[PDB]
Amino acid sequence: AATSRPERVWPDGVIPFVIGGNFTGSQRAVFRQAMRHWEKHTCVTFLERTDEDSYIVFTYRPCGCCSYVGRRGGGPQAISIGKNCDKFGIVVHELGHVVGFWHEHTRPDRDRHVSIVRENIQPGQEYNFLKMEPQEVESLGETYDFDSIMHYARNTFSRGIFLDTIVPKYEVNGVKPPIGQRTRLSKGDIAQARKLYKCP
């Protein structure tokens, strides 16, 4: 679910950043490792903000709302990192939003790949499962990526842990594909991020 809008793509893949106060050194290191992880596999670059108008701010506060997708422009944009969402893979997911990725399960073509079990979604959280309107996303020829760092888990926003909200529609190499990994950027995430930033 890569943004269709070329203005939300960060110029030359250069994202200026600021790590805010109230983080431990250990937490600061995790942010750095996450940014490096994006730098390693793609042509995107994270640089300490000096006098730029556009930059990301790692901000110590409760998890959740909200992570701007792509370059907002004309000011800073925050990444909320709290006690329960400070791990490497979650930060990599958040930086996935920064570069310009929506959630994978909201791709305009997602109904061919996953079923959404509406009855199991927490009341009031159903909007998190709405498809992106087709004018907001361009997949760049890349297939639906079940392994994406941007893909929800099977029971994200579920009424209970043993109730699925998202069920993959078909088998992939013998079995229903696992979804919701927060370990590392997928082959698909990299391949698609390389396309979005025209990397060599």
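Numbering starts at 1 and runs along the sequence shown. Take the two forms, superpose them, and find the largest set of C-alpha atoms that agree within 1.5 Å; that set is the rigid core.
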Outlying stretch relative to shown form, 82-90 versus 121-129 in 7 other deposited structures of this protein, C-alpha RMS (core): 121-129
Residue range whose averaged C-alpha B-factor is higher in the record, 54-62 or 145-153: 54-62
Mean C-alpha temperature factor, higher of 127-135 and 165-173: 165-173
Out of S26, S158, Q33, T42, residue topping the C-alpha B-factor column of the entry: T42
Chain-wide C-alpha B factor ranking for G188, given as lowest, middle or highest third: middle
Within-chain third of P11 by Cα B-factor, per the entry: highest
Ranked C-alpha temperature factor of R72 among modelled chain residues, by third: highest
Chain third (lowest, middle, highest) by recorded CA B-factor, residue given as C85: middle
Entry-reported Cα temperature factor of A78, expressed as the chain third it lands in: highest
